[PDB]
Structure formats: structure tokens, C-alpha cells
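Asker: Quick one: this structure, given as C-alpha cells, is what I'll be asking you about.
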Amino acid sequence: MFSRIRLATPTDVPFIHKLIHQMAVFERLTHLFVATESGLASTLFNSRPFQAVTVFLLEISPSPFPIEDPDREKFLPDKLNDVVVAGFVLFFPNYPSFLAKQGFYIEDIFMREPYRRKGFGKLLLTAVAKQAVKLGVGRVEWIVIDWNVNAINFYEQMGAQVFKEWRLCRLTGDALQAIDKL
Amino acid sequence: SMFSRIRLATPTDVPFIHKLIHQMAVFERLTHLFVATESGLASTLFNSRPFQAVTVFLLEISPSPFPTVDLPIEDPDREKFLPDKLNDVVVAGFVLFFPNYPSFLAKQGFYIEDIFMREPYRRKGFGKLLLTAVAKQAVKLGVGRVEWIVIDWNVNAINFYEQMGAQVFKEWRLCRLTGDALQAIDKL
Ligand SMILES: CC(C)(COP(=O)(O)OP(=O)(O)OC[C@H]1O[C@@H](n2cnc3c(N)ncnc32)[C@H](O)[C@@H]1OP(=O)(O)O)[C@@H](O)C(=O)NCCC(=O)NCCS
Ligand SMILES: CC(C)(COP(=O)(O)OP(=O)(O)OC[C@H]1O[C@@H](n2cnc3c(N)ncnc32)[C@H](O)[C@@H]1OP(=O)(O)O)[C@@H](O)C(=O)NCCC(=O)NCCS
Ligand SMILES: NCCC[C@H](N)C(=O)O
Ligand SMILES: NCCC[C@H](N)C(=O)O
């Protein structure tokens, strides 16, 4: 079984939408998932890779590039080819101010359930890491939910530090409107 | 009285930004992690347009109305924070932020890396002003969410954030690959 990581293009938007949806299902947060394909197509491709939101897709094939998967049909970039989008990583430049240099923040990293535990998640993170080194990025950060001990273990095995002392803060759209009237 | 202004940072503001980030590191007891130089800031802060990448707002204070409360302020570092040595204007604080991407919204938001008022200018409403400025900018640009992180012992900031209507979560954990971790993965 062969694998490839490639950059997302505008025609990949349906797959990206569905992957983010599956992330929301995994996190039990579907009520927060308001993304549309329209919104993704509007926001994902306004800059060059690495300068803003960037997406890598992991594709799988039983043949070289030129497991029960129930959703296979939803994830074929081309119906005539046995190539299936198995997972993705979505990230963008951040700014660790103590380093006075850009880093990367990983918003999502996700393998569809049938392709878990096969080394593909490692491949995705490796690809972000190697790109970070090449581009002189000094740090990669993301967040994980506390019950998600599977991801935490994965991250820790890949050499990530997972802290207990930092708390996420958020202003929602509604909170922002409220402040805006000041 | 004392008058206040928020403005975008320019390359000549790098010394002040450096010193403010340094004071942030002191506050957080993380000076061992503070390796930023003025050189690095000058080479990384101004490669893009405002709001489209790392962006800094400075809060300046002047005893005179600004060429766009009575309580006197003892500021020992005033001389380190004058954009013009002949001018009665002092950099009192900053917010440093950049576009993020809440994927569930499929639209850019903002993440705040630092928000900081120098100790002599705390508890006077200026922190509110900084956050308000980021928030208003977010609304104008159609941003759906603003996020940042706070350290668990920092009950002052937590309270401030909560009073500004922020949600402060218990369930999310910060994860990090250091430079060293990245080199190790690179050799796979
Ligand atoms: C987290 C995730 C991206 C990891 O991808 P993955 O493909 O399952 O992980 P890998 O198979 O690359 O695991 C890395 C290696 O460590 C091993 N390993 C040991 N314990 C592991 C664990 N708890 N999780 C994953 N791998 C583990 C794997 O077997 C693998 O070795 P291998 O190459 O010989 O198979 C994915 O599995 C997943 O769970 N996605 C759900 C979304 C999620 O949890 N997101 C976090 C947001 S809160
Ligand atoms: C957190 C911080 C940015 C807030 O700045 P600040 O200017 O002190 O905050 P404000 O003056 O706007 O408000 C602080 C609170 O003190 C009280 N206060 C402030 N000014 C007041 C006044 N004039 N009268 C009465 N109470 C007042 C209020 O409870 C106020 O909350 P409010 O603004 O909703 O009324 C500032 O304390 C700081 O720089 N600390 C460093 C810590 C940090 O930022 N860490 C983040 C990473 S862990
Ligand atoms: N609130 C974010 C600042 C934390 C510090 N820059 C760090 O690198 O841990
Ligand atoms: N790990 C990042 C995913 C978190 C999710 N999009 C949220 O908004 O809660």
C-alpha cells in the first residue's frame, strides 16, 4: 500500500470540508462546525503555501503513484483512479515572540479511522517538521483536548511536549460583537 | 489628565517591542526562553501587510492631547520608551497578534501572542483598550474568533479576560515541538 503527501488545490475543497467535519465528529463538537465548501474555497488559497493557511493531503493507493473503508467513494479525487484521500494536516505561520521568528501552528492533523495506526499520521507530522526546518521555523505548536490520550501519546512519541499549565482563551463572534459596541 | 493612543508599529519601534517582549518573559518567569534580538524582530515583523501576518499595536501615553486619570505615574523606565527623546510620548504597552484559521469556521481569525501593559500603567483601562482594538479590528475584517493562551497561575489576566467576555478553558493543552525536536524528526 503506497502513500503520498501533496499540497491541496481548490478542487480538493470537498475532501477538506469532509475531513474537518470528521475532526468535529471525533472531538464531539459538530455543533461548532459551521464551515461550508464556499468558505473554504474563499479562504484557503489566497496566499502561497507556507505564507498562510496551508494544507497537506495524504493519499493512499494499492498501486504506485504515477483495510475496510466505508467512505471510500466520498474521497476519490478521480473516480477512475484507485487513489483515496486518507487524511490531512492544516497549518499556518504563527509567531513565538520569545524567538522573534515565525513558527507554525497546526490547527488540524487527522487520519480517517480506517487508515489509523499505520504510520501515516507520523508521515503527516514529519512532513510539517521537515518543512519547518527547511524554512528556518523555530517552533511548531498546536493544542490537544485533555481526554484525547491517543493523540497525546502520539505527539509525545514524536517528541512533543504537552503542557498542563496553559489554558486556551477565546472570544467568539458574539463576544466580539459585544466588545465592538465599546 | 493623561491621553492615550493605539497605533501600528513601524521598524523604528523595534527597540520598544523587544523590551516589552522581554518584560513579558520576566513576568512569566520564562527569561531562559527569551532569545529574541532586535535584529530578529526587525527582520521578521515587517515582511507583510498589517493584519495579513504578524501585527503589533503600541499603546502610547502623553500628558498632552495626542497630535492624532489625574493620578501621577512613577515610571522608572520612561527614558527607554520614548519614540522621540524631545517629545512627551511614552510606549506603555503592546499587543502582538497574527491571522489564525479556526478550521470549524473555515475563515481566518486572530491569535494574540502577547498583550502587555508595563507595570506603572496597569489598572487604568489601557489593557482593555488594547484588547478592544484587536476586537474591533476583528469585527471590521469579518474575523469569526480570537484566541490566545494564558498561564494557569495568572489569575489577574484570567479575570481581565473573563470580564472582557473571553472563555477561558480547562480542557485544552498546549503542545510544542522545539527546534531540537524538529531537528530530530528531520533526520527520519
Ligand atoms: C492522532 C492521529 C493523527 C495519529 O495518526 P495515526 O496514523 O493513527 O498514528 P501512527 O500510526 O502514525 O502512529 C505512530 C507510530 O506510533 C505507534 N503508536 C503507539 N502508540 C500510539 C498511539 N497511542 N497513537 C498512535 N500511534 C501510536 C503506531 O503504531 C505507529 O508505529 P507504526 O508506524 O509501526 O504503526 C490519528 O490517529 C487520530 O487519532 N486522528 C483523530 C484526530 C485527533 O485525535 N486529533 C487531535 C485533536 S484534539
Ligand atoms: C493583563 C493586563 C494586560 C491587563 O492590563 P490592565 O491595563 O491592567 O487592565 P485594565 O486596567 O484594562 O483592567 C484590569 C482590571 O483591574 C480593574 N481596574 C482597572 N482599571 C480600573 C479602574 N480605573 N478603576 C477600577 N478598577 C479598575 C478591573 O477589575 C479591570 O477589569 P476591567 O478593565 O474589565 O474593568 C496587564 O495586567 C498586564 O500587562 N499583565 C501581564 C500579564 C499578561 O498579559 N500575561 C499574558 C500571558 S500568560
Ligand atoms: N502567552 C504566550 C507567551 C508565552 C511564551 N512566549 C512562551 O514561549 O511560552
Ligand atoms: N485542535 C484544533 C481543533 C479544535 C476545534 N476546531 C475547536 O474549535 O474547538
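The chain as shown is numbered from 1 upward.
Using N, Cα and C of the backbone, Cβ positions are placed for all residues, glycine too.
Taken from Swiss-Prot, the feature acetyl-CoA binding site applies to B:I115, B:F116, B:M117, B:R123, B:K124, B:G125, B:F126, B:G127, B:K128, B:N154, B:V155, B:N156, B:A157, B:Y161.
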Asker: Rounding to the nearest whole angstrom, report the longest C-alpha distance spanning B:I115, B:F116, B:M117, B:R123, B:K124, B:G125, B:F126, B:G127, B:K128, B:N154, B:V155, B:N156, B:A157, B:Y161, listed for acetyl-CoA.
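Answerer: So the binding residues stretch over 19 Å, Cα to Cα.
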Asker: Can you list which of these binding-site residues (B:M117, B:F126, B:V155, B:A157) have a Cβ closer than 6 Å to ligand 2?
Answerer: B:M117, B:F126, B:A157
Asker: Just need one number: Cα of B:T68 to Cα of B:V69, in Å, whole number, across 17 unmodelled residues.
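Answerer: It comes out to 19 Å between the two Cα positions.
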Asker: Under 8 Å Cβ-Cβ from B:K124 (acetyl-CoA binding site), six or more apart in the same chain: what's there?
Answerer: B:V69, B:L71
Asker: Using a 10 Å radius around each Cβ and counting other Cβ atoms from all shown chains, which of the binding-site residues B:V155, B:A157 yields the largest count?
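Answerer: The most densely surrounded of these binding-site residues is B:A157.
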